[PDB]
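K.L.:
Let me begin by handing over the structure; questions about it come next.
Here the Cβ positions follow ideal geometry from the backbone for every residue, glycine too, while neighbour counts run over all protein chains shown. Nothing in this text is a laboratory measurement; each read-out follows from the coordinates by a stated rule.
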4 protein chains.
Amino acid sequence: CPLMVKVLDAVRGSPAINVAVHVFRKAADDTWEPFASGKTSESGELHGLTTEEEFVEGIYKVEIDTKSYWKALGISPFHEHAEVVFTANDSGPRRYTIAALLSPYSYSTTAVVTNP
Amino acid sequence: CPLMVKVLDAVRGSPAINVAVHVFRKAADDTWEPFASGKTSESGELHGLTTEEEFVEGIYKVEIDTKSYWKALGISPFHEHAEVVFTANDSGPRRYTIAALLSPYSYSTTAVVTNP
Amino acid sequence: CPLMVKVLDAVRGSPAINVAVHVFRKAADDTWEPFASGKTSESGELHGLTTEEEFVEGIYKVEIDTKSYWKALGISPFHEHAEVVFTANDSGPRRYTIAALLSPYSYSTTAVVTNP
Amino acid sequence: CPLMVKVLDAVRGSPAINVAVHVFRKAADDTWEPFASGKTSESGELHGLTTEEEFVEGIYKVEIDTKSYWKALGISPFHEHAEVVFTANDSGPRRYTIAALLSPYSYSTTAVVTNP
Ligand SMILES: O=C(c1ccc(O)cc1O)c1ccc(O)cc1O
Ligand SMILES: O=C(c1ccc(O)cc1O)c1ccc(O)cc1O
Ligand code: NA
Ligand code: NA
């Protein structure tokens with residue numbers, strides 16, 4: 001698992017379950033091409049997005065559909081989505097965790113990059 | 001000010017000065033049209049991006065150029081930028097403050113929305 | 001202002017108004033002595049806590065009464081309060097802003113420290 | 001494991017390893033009594049603090065020694081420590097995760113409370 005996404009809910013103090021997540025890779029013509037996607041599990045996590053072979057150096061975008069998440073809870077949110085844009089670099093540690101902590105008008109995101 | 005951006009640096013405990021900010025608005029053909037840009041002052045604030053007349057209903061993207069900020073300070077950060085995407089003024093004119101708190105591998109953003 | 005506190009609400013996208021704040025200073029016997037208190041204004045800010053003369057070197061604790069804020073809004077939050085503990089003025093007088101961003105099960109705090 | 005603590009480093013994008021953590025329980029005389037302690041592991045986590053039998057309803061304080069962590073990295077930080085104060089309540093879900101994301105002048109904390 002070179003890439004994992006984890007999403008938490010700061011209002012309820014829980015994992016954010018069944019949140020849609022889309023990953024894109026920047027193409028040579030500077031457009032975003034679909035790369036991988038899924039929905040967070042009951043632990044707020046999305047595993048199995050890619051493989052080491054497929055996850056080469058490049059610029060990636062992780063788009064978390066926060067608006068649908070809040071609307072399903074009956075809460076009007078601010079953002080259309082949360083976007084996390086970063087470069088994957090081989091010199092750095094192997095495994096990337098992209099974490100996001102969600103509130104209706106705010107989000108935090110951090111990267112935990114470690115060596116297996 | 002209908003739209004203001006404020007940026008803080010969590011490493012130095014200071015405003016984030018001379019941070020470039022680009023604002024885009026989604027056009028009728030679904031592309032991101034350049035809308036306004038500027039850079040943060042010594043107080044970490046960016047005022048004067050737009051006017052009440054210009055700042056119509058729409059979907060807006062505020063791109064904060066965090067990578068260039070950390071690199072101009074001689075540090076190699078994780079993200080390319082921080083993006084904040086939101087619908088504005090769809091219930092009439094509001095004042096928006098987009099605030100961000102930056103670290104090299106993490107950022108937080110929140111919105112303060114007031115009715116004049 | 002040698003010491004200012006600013007508080008935002010991540011659920012409502014607004015300043016956090018009428019939040020009680022208590023400041024303490026560690027005494028020579030290691031106990032926490034009451035130092036100053038107040039509540040945030042309509043802008044979410046609390047000014048006038050202390051003076052340059054009064055705000056000597058020491059270890060200070062700023063207690064932000066988040067539970068009472070969420071409960072006065074009719075919500076049951078996780079934390080009792082948010083505490084911010086720091087040494088101040090040990091290299092001479094500085095200006096301190098303690099900022100906090102609140103959600104029912106989470107909060108963020110940062111400091112902006114400037115030299116007059 | 002009714003109580004787990006997880007600590008992340010927002011500057012390096014890594015778990016915060018070997019961070020001292022102390023847990024206290026509020027006594028009837030309103031003083032803080034030591035309850036459990038340890039150091040975070042190579043994953044930034046501290047497990048095994050308490051048992052279901054021992055972790056009764058009450059007010060608890062988790063104190064994370066952030067100052068020593070930053071000093072060991074050669075970084076001058078702002079806070080003496082990060083403190084998280086909360087009530088344990090049986091009506092709510094069983095397992096508490098207290099997470100903290102650290103920067104030199106800022107920290108975020110959230111609670112993830114779930115049902116096994
Ligand atoms: O609360 C967070 C968290 C992160 C990882 C984890 O295993 C558990 C967490 O609660 C968290 C995530 C992203 C962020 O930007 C800030 C956070 O406190
Ligand atoms: O606490 C914050 C804050 C920042 C600027 C300000 O004028 C007031 C604040 O409470 C804050 C704002 C945005 C964010 O992503 C994280 C924060 O702690
Ligand atoms: Na409308
Ligand atoms: Na001194």
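K.L.:
Being surrounded by fewer than 20 Cβ atoms within 10 Å (Cβ to Cβ) and without any contact (Cβ under 8 Å) to a residue 24 or more places away in the chain is the requirement here; does A:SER68 meet it? Spell out how you get there, then give the answer.
P.N.:
Working: surrounded by fewer than 20 Cβ atoms within 10 Å (Cβ to Cβ): yes; without any contact (Cβ under 8 Å) to a residue 24 or more places away in the chain: no.
No, not satisfied.
K.L.:
I'm told C:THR51 meets every condition in (1) more than 14 Å from chain A (Cβ to nearest Cβ); (2) touching a residue at least 40 places away in the same chain (Cβ under 8 Å); (3) surrounded by 16 or more Cβ atoms within 10 Å (Cβ to Cβ) except one. Can you identify the failing condition by its number?
P.N.:
(3)
K.L.:
Right, B:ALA10: under 26 Å from A:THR110 (Cα atoms) and surrounded by 22 or more Cβ atoms within 10 Å (Cβ to Cβ) or not?
P.N.:
Yes; evaluated as a whole, the condition is true for this residue.
K.L.:
Still on this model: So, of the residues in region D:54-65 that are farther than 12 Å from D:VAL21 by Cα and surrounded by 19 or more Cβ atoms within 10 Å (Cβ to Cβ), which turns out to be nearest to the chain's Cα centre (by Cα)? It would help to see each step written out before you state the result.
P.N.:
Residues of region D:54-65 that are farther than 12 Å from D:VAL21 by Cα, as a first pass: D:54-60.
Checking the rest, the ones that are also surrounded by 19 or more Cβ atoms within 10 Å (Cβ to Cβ) come to D:55, D:60.
Values: D:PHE55: 15, D:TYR60: 10 Å.
Ranking the qualifying residues of region D:54-65, first place goes to D:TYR60.
K.L.:
Being part of a loop (DSSP other than H, G, I, E, B) and surrounded by 14 or more Cβ atoms within 10 Å (Cβ to Cβ) is the filter; apply it to region A:94-116 and report the residue that is farthest from ligand 2 (Cβ to nearest atom).
P.N.:
Of all residues in region A:94-116, those part of a loop (DSSP other than H, G, I, E, B) come to A:94, A:104-105, A:115-116.
With surrounded by 14 or more Cβ atoms within 10 Å (Cβ to Cβ) added as a condition, the list becomes A:104-105.
Working: A:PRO104: 14, A:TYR105: 10 Å.
Looking at residues that are part of a loop (DSSP other than H, G, I, E, B) and surrounded by 14 or more Cβ atoms within 10 Å (Cβ to Cβ), I get A:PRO104.
K.L.:
Would you check if there is a residue in region C:27-38 being away from every other protein chain (no Cβ under 14 Å) and within 22 Å of B:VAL113 (Cα to Cα)?
P.N.:
Scanning region C:27-38, I find no residue that is away from every other protein chain (no Cβ under 14 Å) and within 22 Å of B:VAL113 (Cα to Cα), so the answer is no.
K.L.:
In addition: Among the residues of region A:54-109, what is the count of those that are aliphatic (A, V, I, L, M), more than 14 Å from chain C (Cβ to nearest Cβ) and closer than 24 Å to B:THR87 by Cα?
P.N.:
Of the residues in region A:54-109, the ones aliphatic (A, V, I, L, M) are A:56, A:59, A:62, A:64, A:72-73, A:75, A:82, A:84-85, A:88, A:98-102.
If we keep only those that are more than 14 Å from chain C (Cβ to nearest Cβ) too, we end up with A:56, A:59, A:62, A:64, A:72, A:84-85, A:88, A:98.
Filter once more, so that each one left must be closer than 24 Å to B:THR87 by Cα: A:62, A:64, A:72, A:84-85.
Count: 5.
K.L.:
Go through (1) under 24 Å from C:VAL11 (Cα atoms); (2) in a strand (DSSP E or B) one by one and return the number of the condition A:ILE17 breaks.
P.N.:
In the conditions (1) under 24 Å from C:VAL11 (Cα atoms); (2) in a strand (DSSP E or B), A:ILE17 misses (2) alone.
K.L.:
For region A:58-93, enumerate the residues that are polar (S, T, N, Q) and part of a strand (DSSP E or B). Quick ask: steps written out before the conclusion?
P.N.:
Pass one, region A:58-93, residues polar (S, T, N, Q): A:66, A:68, A:76, A:87, A:89, A:91.
Passing the criteria: only A:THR87.
K.L.:
Here's something else I'd like to know. From the list B:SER91, B:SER37, B:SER76, pick out the single residue that is surrounded by 14 or more Cβ atoms within 10 Å (Cβ to Cβ) and polar (S, T, N, Q). Full working, then the answer.
P.N.:
Working: B:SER91 fails: surrounded by 14 or more Cβ atoms within 10 Å (Cβ to Cβ); B:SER76 fails: surrounded by 14 or more Cβ atoms within 10 Å (Cβ to Cβ).
When all the criteria are applied, what remains is B:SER37.
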